[PDB]
Structure formats: C-alpha cells, structure tokens
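Student: Pasting in a structure now, in structure tokens, and then I'll have a few things to ask.
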Amino acid sequence: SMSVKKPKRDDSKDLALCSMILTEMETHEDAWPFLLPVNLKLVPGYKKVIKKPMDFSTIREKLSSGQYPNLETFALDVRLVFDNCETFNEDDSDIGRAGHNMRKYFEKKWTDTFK
C-alpha cells in the first residue's frame with residue numbers, strides 16, 4: 001500500500017531473457033505455423049473467428065520497440081499464439097500438434113528462467 005512495499009525483484013535482465021526465449025522459439029523446428037501472421041486474405045474464417053491474431057514476428061517487433069510493459073504481458077502474447085492455434089486447428093493435425101509442442105517448450109523455458 002502507500003509507503004509499504006515488498007522487496008524489489010531484479011527485473012533489469014527480463015528484456016534480454018524474453019528475447020532469448022523468443023529466439024529459441026523462433027528456431028524450433030515446429031515454429032513454422034507461428035513465424036508470421038496468418039494471411040487474413042487467404043485463410044477463410046480466420047479473420048472473423050480469431051479476435052486477436054498473434055505470431056512470433058509480431059511479438060519480436062513489440063519486444064524490440066518497448067511495447068511490453070513487463071514480462072507477464074510478454075507471456076500473455078506467447079500463450080495467445082497457442083490459444084489461437086487450438087481454437088482454429090484440430091489436435092490431430094500437423095499444426096495442432098506443433099502448437100501443443102511449442103506451448104510445452106515455452107512453458108518449460110519460462111519456469112526454468114523465471115520461477
């Protein structure tokens with residue numbers, strides 16, 4: 001509350017560390033569905049169904065330009081990528097499996113780096 005604060009957690013490396021995680025996600029072999037924004041002209045249904053599209057290139061640009069106020073807003077956009085994928089793709093599809101694999105990969109790196 002006013003003039004009453006928990007001890008200050010060091011957040012000075014968060015930017016660098018989120019960039020590293022994002023690099024590891026970018027270079028994973030199953031990243032290919034997620035590297036670029038879904039082409040809303042060429043994929044029927046996407047625009048109407050997926051209210052907030054997100055992809056790794058968009059996260060990278062937001063990251064690089066100070067548009068994440070903290071590491072939690074960064075994790076929310078990563079999770080959005082996989083939540084969108086589960087909304088639009090069957091579990092038993094190459095893309096559906098890719099999204100489950102990548103979410104696992106991310107959540108481990110996240111826990112190991114920050115928890």
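Quick note on naming: the chains in the structure tokens go A, B, ... in the order shown, residues restart at 1 in each chain, and ligands are numbered from 1 in order of appearance.
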Can I get the residues of stretch 10-30 of chain A within 10 Å of stretch 58-80 of chain A, each with the closest pair of atoms and their distance in Å to one decimal, using only C-alpha atoms, sorted chain first then ascending number, as JSON lines?

Tutor:
```
{"residue": "A:11", "atom": "CA", "partner": "A:71", "partner_atom": "CA", "distance": 8.6}
{"residue": "A:14", "atom": "CA", "partner": "A:71", "partner_atom": "CA", "distance": 6.5}
{"residue": "A:15", "atom": "CA", "partner": "A:71", "partner_atom": "CA", "distance": 7.6}
{"residue": "A:16", "atom": "CA", "partner": "A:63", "partner_atom": "CA", "distance": 9.8}
{"residue": "A:17", "atom": "CA", "partner": "A:71", "partner_atom": "CA", "distance": 9.4}
{"residue": "A:18", "atom": "CA", "partner": "A:71", "partner_atom": "CA", "distance": 7.3}
{"residue": "A:19", "atom": "CA", "partner": "A:63", "partner_atom": "CA", "distance": 7.5}
{"residue": "A:22", "atom": "CA", "partner": "A:60", "partner_atom": "CA", "distance": 7.4}
{"residue": "A:23", "atom": "CA", "partner": "A:60", "partner_atom": "CA", "distance": 9.0}
{"residue": "A:25", "atom": "CA", "partner": "A:78", "partner_atom": "CA", "distance": 9.7}
{"residue": "A:26", "atom": "CA", "partner": "A:60", "partner_atom": "CA", "distance": 9.5}
```

Student: Which polymer residues have any atom within 12 Å of an atom of residue A:111, counting only C-alpha atoms, with same-chain residues fewer than 5 positions away left out, as a list in words?

Tutor: residues 21, 75, 104, 105 and 106 of chain A

Student: I need the residues of chain A that end up classed as alpha helix (DSSP H) by DSSP on the backbone, written out as an MDAnalysis selection string.

Tutor: chainID A and resid 14:27 46:49 56:64 71:88 94:114

Student: Find the residue from A:97, A:113, A:85, A:24 that sits nearest to residue A:37; use only C-alpha atoms when measuring.

Tutor: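 Of the candidates, the smallest distance to residue A:37 is held by A:85.
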
Student: Would you mind reading off the distance between atom CA of residue A:8 and atom CA of residue A:109, one decimal, in Å?

Tutor: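 Going from atom CA of residue A:8 over to atom CA of residue A:109, I get 23.1 Å.
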
Student: From the options A:52, A:100, A:6, A:13, which residue's atoms come nearest to residue A:30, counting only C-alpha atoms?

Tutor: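 Going through A:52, A:100, A:6, A:13 one by one, the smallest distance to residue A:30 is for A:100.
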
Student: With distances taken over only C-alpha atoms, which residue among A:20, A:49, A:38, A:98 lies nearest residue A:82?

Tutor: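 Using only C-alpha atoms, residue A:82 sits closest to A:98.
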
Student: Rank A:56, A:108, A:12, A:90 by their smallest atom-to-atom distance to residue A:33, using only C-alpha atoms, and report the top residue only.

Tutor: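 The answer is A:56, which sits nearest to residue A:33.
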
Student: Between A:50, A:40, A:28, A:55, which is the closest to residue A:89 once you count only C-alpha atoms?

Tutor: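 Of the candidates, the smallest distance to residue A:89 is held by A:50.
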
Student: Pick out the closest residue to residue A:45 from this set: A:99, A:92, A:87, A:2. Count only C-alpha atoms.

Tutor: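 The answer is A:87, which sits nearest to residue A:45.
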